[PDB]
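# Structure assessment
These are the residues of each chain, in order.
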Amino acid sequence: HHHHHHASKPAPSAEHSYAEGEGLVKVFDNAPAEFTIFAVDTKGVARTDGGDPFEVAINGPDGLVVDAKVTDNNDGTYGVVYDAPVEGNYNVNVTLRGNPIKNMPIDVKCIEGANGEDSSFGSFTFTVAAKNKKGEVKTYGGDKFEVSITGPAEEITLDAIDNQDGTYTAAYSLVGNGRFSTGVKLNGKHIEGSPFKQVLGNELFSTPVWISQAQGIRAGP
C-alpha cells in the first residue's frame, strides 16, 4: 500500500474495523468461499494505507485448523479466501493485532453448492431403487414421480441443481389421500398409441339399373 516513506503508521482499531462478504457466511464442499476486511483507526476514519497485522483462522470438527489467506487490496481493505474440508460445520475466526472484530467469529455448514438447498430438497420422487427417494442412475424408469399436489405447473414451483435433473417442489398438504394421474416422463412415449378418425359406411349400397323380369309366361293364343 504505502511507499512515499517507511517510518510511521497507525495500528487500526478493533473497536471499529470489521468484515463482510455480501451478507453472511456460506461455505461449500465443492468450492472455497471469500470475504473482505475493512480497516478503520482511532476516530472512525478508515485506514489511510495498509499492510496492518490482521489474521484469519479456520477451525473444523474435533481438532482441525487451517490458516487463511488475507491479502491487502491497496485501498484500506483486504480480500480473504477459505474452505470447509468436512461435510459438517466449519468456524471462521478473525483477529487484529491480538483482538477480535464483529460479524466474525462465525460458524457455517459445508454443502455441495446448491445441492439440497430450499426448496429443491423437497422435490418429488418415487421411493424406488434405494431406501429413500430416487435411485442413483439417471434413468431409473419412465417417470420421475406421481403427483400429490393439485393444479397445473404454472402454479407449482420448480427448483433444481438443473431443470432436467431435479423437478418441482411443494410443502402444502391437507389430511387425505389425493393424487392426479401424472408426473414428469423421464423416458418413453407420453400417452401411448396413435390417434385416428372414424369411418362410417360399408358396401354394398348400389342396386341394378332395373330389377329384371324373370319370365313372360303367356303362351300361344
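What counts and what doesn't
Residues numbered from 1 in each chain as written, not as in the entry; some residues may be left out. Heavy atoms only, no water. Helix = DSSP H or I, 4+ residues; strand = E, 2+ residues; numbered from the N terminus. Rg over C-alpha atoms; globule rule 2.2 N^0.38 Å. Buried < 20%, exposed > 50% of the residue type's maximum accessible area, 1.4 Å probe, protein only. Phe/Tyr/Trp six-rings, centres within 6.5 Å; stacked < 30°, edge-to-face > 60°. Pairing = 2+ DSSP bridges. Contact = heavy atoms within 4.5 Å. Core = buried A, V, L, I, M, F, W, Y, C linked by side-chain atoms within 4.5 Å.

Per the deposited record, the coordinates in this entry were obtained by solution NMR.

As recorded in the PDB entry, the protein goes by gelation factor, secretion monitor chimera and comes from Dictyostelium discoideum, Escherichia coli. Recorded in the entry header as its title is "ddFLN5+110".

## With respect to the overall build of the protein
Each helix and strand in the protein was counted, giving 0 helices and 11 strands. Order of helices (α) and strands (β) in the protein, N terminus to C terminus: β-β-β-β-β-β-β-β-β-β-β. In terms of overall size, the protein is more extended than a compact globule, its C-alpha atoms giving a radius of gyration of 38 Å where 221 residues would be expected to give roughly 17 Å. Seen through its C-alpha atoms, the protein measures out along the principal axes to roughly 160 × 45 × 30 Å. Out of the 221 residues in the protein, the part that is buried amounts to 24%.

## What to know about the packing of aromatic side chains
Across all of its chains, the model carries 5 aromatic pairs by this definition. Taken together, a centroid distance of 4.7 Å and an interplanar angle of 65° make the contact between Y18 and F38 edge-to-face. In this pair, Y18 is assigned in strand β1 (residues 18-20) and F38 in strand β3 (residues 33-38), connecting sequence segments 20 residues apart. Accessibility expressed as a relative area gives 31% for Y18, which makes it partly exposed. According to the relative accessible area criterion, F38 is partly exposed, its value standing at 28%. Consider the rings of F35 and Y82, whose centres lie 6.1 Å apart with planes at 80°: the pair is edge-to-face.

## Quick notes on the sheet that holds strand β9 (residues 106-111)
Strand pairs in the sheet, formed through backbone hydrogen bonds, run parallel or antiparallel to each other. With respect to topology, 5 strands assemble into an open sheet ordered β2-β9-β8-β4-β5, the strand pairing being mixed. The open sheet terminates on both sides in strands that have one partner only, identified here as β2 (27-28) and β5 (65-67).

## Re the pairing of strand β8 (residues 89-96)
Where strand β4 (residues 54-59) lies against β8, 6 bridges are found, and the strand directions are antiparallel. Directly across from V56, in β8, lies its bridge partner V94. Pairing between β8 and β9: 4 bridges, direction antiparallel. In the strand pairing of β9, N91 is matched with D107.

## Considering the side chain of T167
Position of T167 relative to the elements: it lies in strand β11 (residues 167-169). Relative accessible area serves as the criterion here: at 5%, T167 is assigned to the buried category. Apart from residues no more than four positions distant in its own chain, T167 is found in contact with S123, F124, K144, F145, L158, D159 and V184.

## Things to note about the nonpolar core
Core analysis: the biggest nonpolar cluster contains 24 residues, and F35, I37, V56, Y82, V92 and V94 have the highest contact counts within it. Elements represented by at least two residues in this core include exactly β3, β4, β7 (77-82), β8 and β9. One finds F124, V147, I156 and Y168 within the second-largest nonpolar core, a separate group that totals 5 residues.

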